[PDB]
$ cat upload16.txt   # compact mmCIF, C-alpha atoms (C1' of nucleotides)
# COMPACT_ATOMS: atom_id res chain seq x y z
CA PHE A 276 101.17 85.28 12.27
CA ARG A 277 100.70 81.66 11.36
CA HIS A 278 102.08 82.56 7.94
CA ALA A 279 105.57 83.91 7.32
CA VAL A 280 106.33 85.82 4.17
CA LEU A 281 109.52 87.20 2.71
CA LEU A 282 109.46 89.24 -0.48
CA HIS A 283 112.52 89.46 -2.66
CA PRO A 284 112.83 93.00 -4.03
CA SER A 285 113.61 94.26 -7.48
CA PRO A 286 116.86 96.26 -7.73
CA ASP A 287 115.05 99.58 -8.04
CA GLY A 288 112.50 98.66 -5.41
CA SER A 289 109.66 99.15 -7.89
CA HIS A 290 108.44 95.56 -7.77
CA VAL A 291 108.72 92.22 -6.03
CA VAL A 292 110.25 89.44 -8.12
CA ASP A 293 110.26 86.37 -5.87
CA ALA A 294 108.34 85.51 -2.72
CA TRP A 295 108.66 82.98 0.09
CA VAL A 296 105.46 81.94 1.90
CA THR A 297 106.15 79.54 4.76
CA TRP A 298 105.21 78.72 8.33
CA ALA A 299 106.57 80.54 11.35
CA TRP A 300 105.14 78.21 14.01
CA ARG A 301 104.69 74.49 14.39
CA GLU A 302 102.63 74.62 17.57
CA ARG A 303 99.31 76.39 17.47
CA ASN A 304 98.15 78.44 20.47
CA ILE A 305 94.65 79.54 21.42
CA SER A 306 94.33 83.18 20.87
CA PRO A 307 92.90 84.70 24.03
CA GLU A 308 89.53 86.46 23.91
CA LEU A 309 87.23 86.61 20.90
CA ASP A 310 88.00 89.03 18.07
CA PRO A 311 85.73 92.11 18.28
CA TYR A 312 85.23 92.47 14.54
CA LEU A 313 83.94 89.04 13.61
CA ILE A 314 80.46 87.68 14.32
CA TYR A 315 80.70 84.52 16.42
CA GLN A 316 78.57 81.44 16.82
CA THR A 317 78.32 78.60 19.28
CA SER A 318 77.49 75.11 18.01
CA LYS A 319 76.40 71.96 19.77
CA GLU A 320 79.38 70.69 21.84
CA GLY A 321 79.65 74.38 22.94
CA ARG A 322 82.59 75.20 20.67
CA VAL A 323 82.75 78.86 19.60
CA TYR A 324 83.70 79.70 16.01
CA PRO A 325 83.35 82.76 13.75
CA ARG A 326 80.43 82.67 11.37
CA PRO A 327 81.80 81.94 7.88
CA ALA A 328 81.30 84.36 5.06
CA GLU A 329 78.70 83.32 2.52
CA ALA A 330 78.86 84.55 -1.04
CA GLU A 331 75.09 84.10 -1.30
CA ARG A 332 74.57 87.04 1.05
CA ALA A 333 76.83 89.05 -1.23
CA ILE A 334 74.38 88.50 -4.07
CA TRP A 335 72.26 91.23 -2.48
CA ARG A 336 74.83 93.99 -2.45
CA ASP A 337 75.71 95.39 0.98
CA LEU A 338 73.45 93.28 3.18
CA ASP A 339 75.89 92.83 6.08
CA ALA A 340 76.43 96.51 6.66
CA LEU A 341 72.77 96.68 7.63
CA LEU A 342 74.07 95.00 10.81
CA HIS A 343 73.77 98.32 12.61
CA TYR A 344 69.98 98.37 12.38
CA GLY A 345 69.68 95.30 14.61
CA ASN A 349 70.77 88.79 19.02
CA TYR A 350 74.52 88.19 18.75
CA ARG A 351 76.49 91.29 17.71
CA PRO A 352 80.22 92.00 17.36
CA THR A 353 81.71 93.51 20.49
CA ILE A 354 83.58 96.40 18.90
CA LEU A 355 80.37 97.64 17.34
CA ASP A 356 78.56 96.94 20.55
CA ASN A 357 80.92 99.10 22.56
CA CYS A 358 81.36 102.08 20.21
CA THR A 359 78.10 102.27 18.30
CA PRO A 360 75.60 102.27 21.18
CA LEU A 361 74.52 104.97 23.63
CA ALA A 362 76.37 103.84 26.77
CA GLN A 363 79.66 104.91 25.16
CA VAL A 364 80.20 108.72 25.22
CA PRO A 365 80.11 110.70 21.93
CA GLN A 366 77.02 112.90 21.55
CA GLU A 367 75.87 113.13 17.89
CA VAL A 368 78.64 111.14 16.18
CA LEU A 369 76.58 107.98 16.38
CA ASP A 370 73.95 109.53 14.12
CA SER A 371 76.19 109.64 11.08
CA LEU A 372 78.42 106.60 11.59
CA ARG A 373 77.95 103.91 8.98
CA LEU A 374 79.24 100.35 8.97
CA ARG A 375 81.45 98.58 6.45
CA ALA A 376 82.34 94.88 6.20
CA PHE A 377 85.06 92.93 4.37
CA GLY A 378 84.17 89.32 3.80
CA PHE A 379 86.23 86.59 2.15
CA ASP A 380 84.13 83.46 1.69
CA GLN A 381 86.44 80.51 1.13
CA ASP A 382 87.26 77.04 2.30
CA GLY A 383 89.10 76.79 5.54
CA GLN A 384 91.63 74.82 3.47
CA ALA A 385 93.09 76.16 0.23
CA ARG A 386 89.95 76.60 -1.89
CA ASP A 387 88.50 80.09 -2.25
CA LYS A 388 85.26 81.33 -3.70
CA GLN A 389 84.34 84.98 -3.29
CA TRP A 390 85.16 88.21 -1.51
CA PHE A 391 83.11 91.38 -1.12
CA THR A 392 83.07 94.75 0.59
CA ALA A 393 79.88 96.30 1.94
CA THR A 394 79.28 99.83 3.21
CA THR A 395 75.76 100.59 4.39
CA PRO A 396 73.69 102.64 1.93
CA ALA A 397 73.55 106.29 2.84
CA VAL A 398 70.03 106.47 1.48
CA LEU A 399 68.53 104.55 4.37
CA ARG A 400 69.47 107.07 7.06
CA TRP A 401 69.17 110.04 4.72
CA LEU A 402 65.60 109.08 3.81
CA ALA A 403 65.00 109.43 7.56
CA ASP A 404 66.18 113.07 7.59
CA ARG A 405 64.41 114.28 4.48
CA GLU A 406 61.27 114.60 6.63
CA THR A 407 62.77 115.84 9.92
CA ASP A 408 59.98 114.65 12.20
CA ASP A 409 60.10 112.58 15.37
CA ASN A 410 57.41 110.12 14.34
CA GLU A 411 57.33 109.35 10.62
CA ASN A 412 61.12 109.04 11.05
CA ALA A 413 61.10 106.65 14.01
CA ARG A 414 58.54 104.73 11.99
CA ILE A 415 60.86 104.65 8.95
CA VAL A 416 63.72 103.44 11.11
CA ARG A 417 61.40 100.98 12.79
CA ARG A 418 60.25 99.73 9.40
CA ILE A 419 63.76 99.33 8.05
CA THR A 420 64.97 97.53 11.16
CA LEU A 421 61.89 95.40 10.95
CA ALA A 422 62.42 94.64 7.28
CA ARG A 423 65.98 93.52 7.88
CA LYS A 424 64.94 91.24 10.74
CA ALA A 425 62.31 89.48 8.61
CA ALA A 426 64.67 88.98 5.68
CA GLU A 427 67.35 87.38 7.83
CA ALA A 428 65.10 85.21 10.00
CA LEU A 429 63.57 83.72 6.91
CA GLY A 430 66.99 83.49 5.34
CA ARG A 431 68.07 81.10 8.05
CA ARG A 432 64.69 79.40 8.10
CA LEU A 433 65.06 78.82 4.35
CA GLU A 434 68.67 77.63 4.62
CA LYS A 435 67.74 75.09 7.29
CA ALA A 436 64.62 74.24 5.28
CA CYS A 437 66.52 73.35 2.14
CA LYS A 438 69.30 71.73 4.10
CA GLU A 439 66.96 69.55 6.15
CA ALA A 440 64.78 68.62 3.18
CA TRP A 441 67.70 67.67 0.96
CA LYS A 442 69.18 65.39 3.58
CA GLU A 443 65.80 63.82 4.28
CA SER A 444 64.70 63.40 0.67
CA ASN A 445 67.72 61.25 -0.08
CA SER A 446 67.70 59.56 3.36
CA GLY A 463 73.37 70.29 0.01
CA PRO A 464 72.98 71.69 -3.50
CA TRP A 465 69.42 72.80 -2.77
CA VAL A 466 70.78 75.35 -0.29
CA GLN A 467 72.96 77.14 -2.83
CA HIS A 468 70.23 77.86 -5.35
CA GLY A 469 67.79 78.38 -2.53
CA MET A 470 69.84 81.20 -1.05
CA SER A 471 70.77 82.62 -4.46
CA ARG A 472 67.18 82.85 -5.53
CA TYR A 473 66.24 84.01 -2.04
CA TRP A 474 68.40 87.11 -1.83
CA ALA A 475 67.90 87.92 -5.51
CA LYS A 476 64.12 88.04 -5.01
CA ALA A 477 64.31 89.39 -1.47
CA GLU A 478 66.38 92.44 -2.49
CA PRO A 479 63.71 94.43 -4.39
CA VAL A 480 60.95 93.58 -1.93
CA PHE A 481 63.09 95.05 0.84
CA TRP A 482 63.63 98.23 -1.15
CA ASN A 483 59.90 98.31 -1.80
CA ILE A 484 59.16 97.98 1.91
CA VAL A 485 61.49 100.83 2.78
CA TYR A 486 60.09 103.26 0.23
CA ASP A 487 56.65 101.96 1.07
CA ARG A 488 56.26 101.34 -2.64
CA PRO A 489 53.87 98.47 -3.18
CA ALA A 490 55.51 95.06 -2.95
CA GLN A 491 53.57 91.82 -3.05
CA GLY A 492 53.01 90.52 0.44
CA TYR A 493 53.16 94.08 1.71
CA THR A 494 50.69 96.93 2.11
CA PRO A 495 52.16 100.40 2.25
CA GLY A 496 51.96 101.90 5.73
CA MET A 497 51.74 98.57 7.59
CA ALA A 498 53.44 98.59 11.00
CA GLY A 499 55.93 95.91 9.96
CA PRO A 500 57.27 93.79 7.11
CA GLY A 501 53.85 92.20 6.69
CA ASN A 502 54.76 88.73 5.50
CA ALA A 503 56.42 90.29 2.47
CA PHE A 504 59.56 88.31 3.15
CA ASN A 505 57.82 85.02 3.98
CA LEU A 506 56.38 85.05 0.47
CA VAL A 507 59.73 85.47 -1.29
CA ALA A 508 61.26 82.65 0.68
CA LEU A 509 58.38 80.37 -0.27
CA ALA A 510 58.74 81.26 -3.94
CA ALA A 511 62.48 80.63 -3.96
CA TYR A 512 62.09 77.37 -2.05
CA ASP A 513 59.30 76.22 -4.37
CA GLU A 514 61.41 77.34 -7.31
CA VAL A 515 64.25 75.06 -6.17
CA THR A 516 62.44 71.98 -4.92
CA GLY A 517 59.96 72.32 -7.76
CA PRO A 518 61.03 69.54 -10.15
CA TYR A 519 61.48 67.01 -7.26
CA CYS A 520 58.18 67.38 -5.53
CA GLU A 521 56.84 64.81 -8.05
CA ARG A 522 57.18 61.50 -6.21
CA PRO A 523 54.85 61.23 -3.23
CA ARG A 524 57.56 60.11 -0.73
CA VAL A 525 59.85 63.07 -1.56
CA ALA A 526 56.89 65.36 -1.92
CA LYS A 527 55.89 64.52 1.64
CA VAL A 528 59.35 65.45 2.93
CA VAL A 529 59.51 68.65 0.89
CA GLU A 530 56.09 69.66 2.15
CA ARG A 531 56.98 68.99 5.74
CA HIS A 532 59.82 71.44 5.38
CA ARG A 533 58.18 74.13 3.31
CA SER A 534 55.47 74.29 5.94
CA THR A 535 58.01 75.65 8.41
CA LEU A 536 58.49 78.81 6.28
CA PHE A 537 54.80 79.64 6.72
CA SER A 538 55.44 81.44 10.01
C1' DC D 1 119.52 51.49 -13.48
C1' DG D 2 117.13 55.41 -14.52
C1' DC D 3 113.02 57.94 -15.26
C1' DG D 4 108.30 58.72 -14.92
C1' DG D 5 103.99 58.26 -12.81
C1' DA D 6 101.03 57.80 -8.96
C1' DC D 7 100.08 58.14 -4.29
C1' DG D 8 100.55 60.16 0.20
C1' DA D 9 101.34 63.76 3.99
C1' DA D 10 98.05 67.35 6.37
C1' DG D 11 94.80 71.24 7.83
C1' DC D 12 90.74 70.07 8.61
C1' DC D 13 84.59 72.60 11.68
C1' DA D 14 77.01 72.36 13.11
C1' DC D 15 47.27 78.90 13.00
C1' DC D 16 45.38 81.82 7.42
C1' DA D 17 46.94 84.51 1.37
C1' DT D 18 45.03 85.20 -4.33
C1' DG D 19 42.19 87.70 -10.46
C1' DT D 20 42.56 87.17 -16.81
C1' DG D 21 41.72 87.12 -22.02
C1' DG D 22 40.44 89.70 -28.53
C1' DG D 23 42.81 90.26 -35.76
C1' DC D 24 41.22 88.14 -40.47
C1' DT D 25 38.39 88.11 -45.26
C1' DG D 26 35.78 88.22 -50.55
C1' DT D 27 31.14 88.38 -55.35
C1' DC D 28 27.67 88.52 -59.35
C1' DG D 29 22.30 86.90 -63.18
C1' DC D 30 22.27 87.83 -67.95
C1' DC D 31 21.01 90.25 -71.76
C1' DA D 32 19.31 94.04 -74.11
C1' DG D 33 18.48 98.73 -74.67
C1' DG D 34 19.43 103.51 -74.15
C1' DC D 35 22.27 107.36 -73.11
$ encode --input "upload16.txt" --output "structure tokens"
Amino acid sequence: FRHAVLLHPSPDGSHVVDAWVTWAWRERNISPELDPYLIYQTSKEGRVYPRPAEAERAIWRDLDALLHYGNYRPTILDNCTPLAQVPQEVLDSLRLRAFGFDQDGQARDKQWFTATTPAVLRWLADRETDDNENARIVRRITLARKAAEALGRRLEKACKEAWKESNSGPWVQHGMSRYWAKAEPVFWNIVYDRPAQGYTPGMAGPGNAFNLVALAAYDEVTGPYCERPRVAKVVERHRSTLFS
DNA sequence: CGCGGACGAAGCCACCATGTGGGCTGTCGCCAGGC
């Protein structure tokens, strides 16, 4: 470990009284091979780093554990969860859990959250017990998740690009907060097939349901600043990208 | 000369979607006759 701890005991051993947190190494070493658990990302210059936790995705409880219904995927999951592996039925009832600690890479810290996948999503598939309405449920759910995330990144980059341009960002924080808060019930309406705006029950896919929520959150955030024509032109150039 | 305050030292990671509404008020013609 990069950190070295020593805990001074209480005489009974019931508690710790003092603690020493200090370095064990002066020279850092590259740890060989990427960590299976984390989700990685490559960025211009080609450097590979783990995707940071975001407390905005924790606003919608348990969104990361929906990772199973899926581009880039953690290797441990991609070895043990799929069908090349070896178990027979086990894979049907496995369910994913994630521990995320969103914080600064320095000493500031913001939020942590656990996230087990809901057992309702797979159990709603077995209530029926048919090959087709079930594969269609699973297809819908996987489809819903894909739409919500693609427009989550589209909306992050939208707000981020617009904020930088408008001043020649704080818009991203409220953008994502509003996004997942509004995008959470529309997802659960798409799964149950209940009627959600931007969606028609029984449609083959998400149906633009998600693209509408992103536009409403974005327009909710950039709303007071689309007044001046110069800034309004920038904001419009970047909301247009969320039109899909 | 001593004490207190301020500053510094890092580790730092990127082609096309939108519909709604309903709750607050007062008036004569006057006089006389009959029941």
$ interface_residues --input "upload16.txt" --of "chain D" --to "chain A" --cutoff "10 Å" --atoms "all atoms listed in the file" --output "mmCIF file with C-alpha atoms (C1' of nucleotides), keeping the file's coordinate frame"
data_model
loop_
_atom_site.group_PDB
_atom_site.id
_atom_site.type_symbol
_atom_site.label_atom_id
_atom_site.label_comp_id
_atom_site.auth_asym_id
_atom_site.auth_seq_id
_atom_site.Cartn_x
_atom_site.Cartn_y
_atom_site.Cartn_z
ATOM 1 C "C1'" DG D 11 94.800 71.240 7.830
ATOM 2 C "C1'" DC D 12 90.740 70.070 8.610
ATOM 3 C "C1'" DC D 13 84.590 72.600 11.680
ATOM 4 C "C1'" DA D 14 77.010 72.360 13.110
ATOM 5 C "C1'" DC D 15 47.270 78.900 13.000
ATOM 6 C "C1'" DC D 16 45.380 81.820 7.420
ATOM 7 C "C1'" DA D 17 46.940 84.510 1.370
#
$ atom_distance --input "upload16.txt" --atom1 "CA of residue 436 in chain A" --atom2 "CA of residue 381 in chain A"
23.1 Å
$ atom_distance --input "upload16.txt" --atom1 "CA of residue 313 in chain A" --atom2 "CA of residue 402 in chain A"
28.9 Å
$ atom_distance --input "upload16.txt" --atom1 "CA of residue 421 in chain A" --atom2 "CA of residue 341 in chain A"
11.4 Å
$ closest_residue --input "upload16.txt" --among "A:468, A:512, A:342, A:282" --to "residue 294 in chain A" --atoms "all atoms listed in the file"
A:282
$ residues_around --input "upload16.txt" --residues "residue 499 in chain A" --least-positions-apart "3" --cutoff "8 Å" --atoms "only C-alpha atoms (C1' of nucleotides)" --output "PDB file with C-alpha atoms, keeping the file's coordinate frame"
ATOM      1  CA  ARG A 417      61.400 100.980  12.790  1.00  0.00           C
ATOM      2  CA  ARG A 418      60.250  99.730   9.400  1.00  0.00           C
ATOM      3  CA  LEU A 421      61.890  95.400  10.950  1.00  0.00           C
ATOM      4  CA  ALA A 422      62.420  94.640   7.280  1.00  0.00           C
TER       5      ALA A 422
END
